[PDB]
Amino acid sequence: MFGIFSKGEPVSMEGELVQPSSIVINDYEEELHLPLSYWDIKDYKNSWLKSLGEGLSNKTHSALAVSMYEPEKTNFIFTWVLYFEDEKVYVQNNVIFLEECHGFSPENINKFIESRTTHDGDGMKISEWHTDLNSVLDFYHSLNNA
């Protein structure tokens, strides 16, 4: 399966209300704490729907934000980034730095992501997971009916 799913009720962590959640990429899953101080979960989901639409439509990429604050007061956000190649989808976990941006806006998130790499300039492996296109479609469709 692919997607990002709520667990239980929102709880206070690191001084703010978060939504305990998981991201699942086939056999991989990882716990997340989505901050709610600016976006509720409906907002997160709407953003993922739009981002998935753009990426799926031209088979480039879809950045799924898993944290968001007031864009002018934001230093960085965590994202999970989907890269489409045929029926395979690579997924990376990237922090987008915006401390010296001010220009940033969430609906433009896919512009802040560049093409895919597997190792950095130092030779370090970029963390990466994979799942099939169909499983991303299903997640895209489910958001589209919510």
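In case it trips you up, residue 1 is the first one in the sequence shown, and so on.
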Entry B factor averaged over C-alpha atoms, 100-108 against 61-69: higher for 100-108
For 114-122 versus 23-31, entry-based mean Cα B-factors point to 114-122
Top Cα B-factor in this entry, restricted to 14, 138, 128, 132, sits on 14
Sorting the chain's modelled residues by C-alpha B-factor and splitting them into thirds places residue 4 in the lowest
